[PDB]
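Given next are the chains, with one letter for each unit.
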Amino acid sequence: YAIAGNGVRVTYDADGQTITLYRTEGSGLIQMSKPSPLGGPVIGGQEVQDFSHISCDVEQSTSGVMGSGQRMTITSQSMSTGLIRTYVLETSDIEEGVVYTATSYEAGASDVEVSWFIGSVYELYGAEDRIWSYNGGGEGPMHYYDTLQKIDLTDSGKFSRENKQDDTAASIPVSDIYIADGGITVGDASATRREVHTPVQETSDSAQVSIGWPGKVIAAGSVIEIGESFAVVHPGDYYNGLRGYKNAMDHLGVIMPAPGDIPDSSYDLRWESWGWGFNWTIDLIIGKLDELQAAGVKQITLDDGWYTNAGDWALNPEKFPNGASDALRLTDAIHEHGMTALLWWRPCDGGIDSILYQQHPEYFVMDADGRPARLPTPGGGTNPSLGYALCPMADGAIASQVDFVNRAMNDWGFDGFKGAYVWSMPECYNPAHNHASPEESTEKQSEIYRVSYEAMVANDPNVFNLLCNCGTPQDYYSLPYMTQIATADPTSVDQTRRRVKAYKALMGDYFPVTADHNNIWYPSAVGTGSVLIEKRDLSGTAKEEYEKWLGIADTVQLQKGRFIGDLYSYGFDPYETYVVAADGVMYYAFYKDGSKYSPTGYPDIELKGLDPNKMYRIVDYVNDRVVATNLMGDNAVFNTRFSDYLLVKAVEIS
Ligand SMILES: [Cl-]
Ligand SMILES: [Mn+2]
Ligand SMILES: [Zn+2]
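Residues numbered from 1 in each chain as written, not as in the entry; some residues may be left out. Chains lettered and ligands numbered in written order. Heavy atoms only, no water.

Undergrad: Account for helix α2 (residues 282-295), with residues named and values stated.
TA: Compared with an ideal rise of 1.5 Å per residue, which puts 14 residues at 20 Å, α2 spans 20 Å between its outermost C-alpha atoms and is within 8% of the ideal. At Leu-289, α2 is bent by approximately 35°, the largest bend along its length. Among the residues of α2, those classed as buried are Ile-282, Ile-285, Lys-288, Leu-289, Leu-292 and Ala-295. If you follow the buried residues of α2, they end up packed against β25 (270-272), β26 (299-302), α3 (324-336) and α10 (540-556). With its phi angle positive at about 115°, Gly-296 sits one or two positions after the end of α2. (Helix = DSSP H or I, 4+ residues; strand = E, 2+ residues; numbered from the N terminus. Expected span 1.5 Å × (residues − 1). Bend = angle between axes of the 7 residues up to and from the residue. Buried < 20%, exposed > 50% of the residue type's maximum accessible area, 1.4 Å probe, protein only. Contact = heavy atoms within 4.5 Å.)

Undergrad: Could you give an account of the sheet that holds strand β19 (residues 182-188), with specific residues and numbers?
TA: The strands making up a sheet associate through hydrogen bonds between their backbones, and the pairing can be parallel or antiparallel. Reading across the sheet, the nine strands line up as β8-β9-β10-β11-β24-β19-β18-β14-β15 and stay open at both edges, with antiparallel pairing between neighbours. Unpaired on one side and paired on the other, β8 (51-64) and β15 (148-152) mark the two borders of the sheet. Taken pair by pair, the neighbouring strands of this sheet meet at an average axis angle of 20°, ignoring direction. For strand β14 (residues 130-135) and β15, the ladder comprises five bridges, and the chain directions are antiparallel. Bridging across to β15, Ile-131 finds its partner in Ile-151. Along the sheet face, helix α1 (residues 238-250) touches β11 (98-106), β14, β15, β18 (174-179), β19 and β24 (223-234) and points at about 135° away from the line of β24. (Pairing = 2+ DSSP bridges. Axes fitted to C-alpha atoms, helices over the stretch in contact; angles between N-to-C directions.)

Undergrad: Just give me the short version of the coordination of the manganese ion (ligand 2), but keep the residues and values in it.
TA: Coordination of the manganese ion (ligand 2) by the protein is provided by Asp-152 (O), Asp-155 (OD), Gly-157 (O), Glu-202 (OE) and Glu-202 (OE), with metal-donor distances spanning 2.2 to 2.5 Å. Of note, the manganese ion (ligand 2) draws all its donor residues from one chain, in the sequence arrangement D-x2-D-x1-G-x44-E. Looking at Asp-152, the relative accessible area reads 21%, which means it is partly exposed. We classify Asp-155 as partly exposed; its relative accessible area is 44%. (Donors = N, O, S within 2.8 Å, 3.2 Å for Na, K, Ca; no water.)

Undergrad: How would you sum up the state of the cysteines? Please name residues and give values.
TA: Per the counting criterion, the structure on display carries one disulfide. The residue that forms a disulfide with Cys-468 is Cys-470, at a sulfur-sulfur distance of 2.3 Å. On the sign convention where negative is left-handed, the bridge of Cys-468 and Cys-470, at about 130° about the S-S bond, is right-handed. Using a relative accessible area of 2% as the deciding quantity, one classes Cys-470 as buried. Looking at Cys-348, it has no disulfide partner, and the nearest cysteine sulfur is the one in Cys-391, 10 Å off. Judged by its relative accessible area of 0%, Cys-348 falls in the buried class. (Disulfide = S-S within 2.5 Å.)

Undergrad: Explain the layout of surface pockets residue by residue, including any values.
TA: Roughly 490 Å³ of volume is contained in the largest pocket. As for the largest pocket, its lining consists of 26 residues, and the residues nearest its centre are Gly-39, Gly-40, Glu-47, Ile-118 and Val-121. Counting only elements with at least two residues in the lining of the largest pocket, the list comes to β13 (116-123), β16 (160-161) and β22 (207-214). (1 Å grid on protein atoms, 1.4 Å probe; cavity = no way out; pocket = protein on both sides within 12 Å on 5 of 7 lines; lining within 4 Å. Points joined across faces, edges and corners; volume = space filled by probe spheres on them.)

Undergrad: Before we move on, can you summarise the packing of aromatic side chains with the specific residues and values?
TA: Evaluation of the coordinates by the stated rule reveals 38 aromatic pairs. On the basis of an interplanar angle of 65° and a centroid distance of 5.8 Å, the ring pair of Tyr-178 and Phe-572 is categorised as edge-to-face. Separated by 394 residues along the polypeptide, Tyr-178 in strand β18 and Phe-572 in the loop between β33 (562-564) and β34 (576-582) bring together distant segments of the chain. Ring plane angle 65° and centroid distance 6.0 Å describe the contact between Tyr-578 and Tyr-591, whose orientation is recorded as edge-to-face. You can see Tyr-578 sitting in strand β34 and its partner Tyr-591 sitting in strand β35 (residues 585-591), a full 13 residues away along the chain. Taken together through their ring pairs, the aromatic side chains of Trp-306, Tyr-307, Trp-313, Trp-344, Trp-345, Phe-404, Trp-412 and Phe-417 make up a single cluster. (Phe/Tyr/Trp six-rings, centres within 6.5 Å; stacked < 30°, edge-to-face > 60°.)

Quick look at the structure:
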């Protein structure tokens, strides 16, 4: 039993009750998964594993979620439970590498209490010494746990991560595992946020990626759909898998902004007002504008510390002694220097000592004990800077967000927003909200982002909007409403660079991403095709260095170029490598300073994706030096010494 789509084959063995995935390669196939068992329900702590094969219907010519393609419907039965499983797989004639999966269960004479449903499980075929993994979970750890994780098959440990999305985790419902020959992405096939895990688990000689959802009681005689997923078989690294997921999710209406609709100002070099921490003043910021303008900065963020309280989002009298006229003198000064002005906020936070909470507690999430629920950190808990959660289904909560947007734009003259330091949304038990279930607040969190952004756009279609779920992958369902992504408080060059590639994969090759400013890593920012930002008040050689790198970024403008993620595979090509095409020229960035993947010795640099019949001069555009005088496009291999990074362009020779 088999179905085919563009670049993928799926086979089912009725005896073993296993699925095997293949991808196309040249005129053949590469096996991507081992024969993998179908996912089952978990009852009393145990996966049910007495399912037997009933039937497998292949339809070679049909139309599904992704349009025309093929379908395989597998029916199985469990004598012990009375459950009949229907497992549906769909392929697409057009969508490369993608398999859509949906499962339902029917109960027999007795109700069945399921604690969890394992949807699909794929163990990688052909792994050797390591597997690289993309982990979209929102459970933390915050900041210092890499989203990209190496699963070492030669060490003592066994990698295991759940990758959760729930009331304490709001990130990206996707995981990928890959090797030299490519990999397998699994992601939640839902147009809206729901509770899901995409676990990544090392096995005896490989690793497996899976997806699953919370259980429920299946009433006797009833049929229920328990969850739907996309799988992507792909060559190369996580970028190819994540791009497949992006393409798949278009069919569910989760559509990221098209290049033509992204505002110019979302590609601009930006400085953010942290030069004095919480001790910024309006005049300190204004005092920097002449030098920032001269050096090529076109955008300014008024960062944290400007407001009385979250929720209220009123001007702090200490920072704005003259009220709104002070906010205006700030944004006017910014505008007079040819720049746009952004304002920091924390969406979903209604404060604790806010007027908002005092006057309108009914707008807030209520916990199971009847108390106001705090906004959670990743994996649970809160922190002192996070207030009470606004319930996304309370009209007054949403209106308070819209009113802030309108005030900041129309009264204070701001041109956009930097949302930050918020993660998931607690479950709500307020009976006045008439929730379908308590998880409804969590599921609808993204409504706050959507409605806020729609209000922003009504004031100015070129408004900037960014949300940093700091130290975690961004809330996937916020992504449609953004004009720029930050890599989100990365704590290393490895984190910032590898995340640029992930977000490009999910958002589009022209979608603006910034490498952020947690540490000074100008070469990382430029070479990945990211927007270079900064927050420090610099002097001496550090100031010179910023000016230098602004100059470079403003010359090559790779932030506006077409990111190319499919030529090099992170962890398998000799260097951590990034590629951008800008104004018809190929730019390459090779790094060795990322301790998570850095070569022994001095491997040759290979430039991929050039015209095989053309000759190129390879120019280090940072130092303005030729590193290779003439390479043919079909053998663009050279060796040059560099300690940390090499940023080059391939200039065609005529
Ligand atoms: Cl990472
Ligand atoms: Mn291991
Ligand atoms: Zn509520």
